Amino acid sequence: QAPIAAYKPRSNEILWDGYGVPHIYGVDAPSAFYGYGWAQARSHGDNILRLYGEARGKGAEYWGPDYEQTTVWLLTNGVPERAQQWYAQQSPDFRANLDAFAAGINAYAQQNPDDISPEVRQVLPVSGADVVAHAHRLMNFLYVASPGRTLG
């Protein structure tokens, strides 16, 4: 009839299973997002930071030529600036979860500097807007409007 009673976590912790699947438990939303951000940095930190870097339109700056086309594509479409706006336009509650997520990533890099690849260290620290930027790039400038269809 009614769903099984929910779990009421009394402390913030990540319980990782045998396959590297993180079970993030938080006493509140921000805590869980922070945990989620930590886990992701643990499992895919290098590529996330690199992608976030690109979303800032800093691809060409941080890594040169091979990232210049995307930089031009994102700047010309004002993605990094619109990301700032979207971030600012978030409801206070959700913006708090985004800040927490970025804080979790920063935190992980802080406690485990050896796990972060040299080339992507300059990206740190990441911010909530970075999280918004990337998502904005993935949805509107990869899925919906790919640079391929515009340029050919």
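Each residue number is its position in the shown sequence, starting from 1.
Residue stretch of maximal mean CA temperature factor, 60-68 vs 42-50: Taking the mean B-factor of the alpha carbons in each, 60-68 is higher.
Looking only at CA atoms, which has the higher mean B factor in the entry: 7-15 or 21-29? It is 7-15 that shows the higher mean C-alpha B-factor.
Tell me, lowest, middle or highest third: where does the Cα B factor of residue 111 rank within its chain? CA B-factor rank for residue 111: highest third.
Lowest, middle or highest third: which one holds residue 89 when the chain's residues are ordered by CA B-factor from the entry? Residue 89: CA B-factor falls in the lowest third of its chain.
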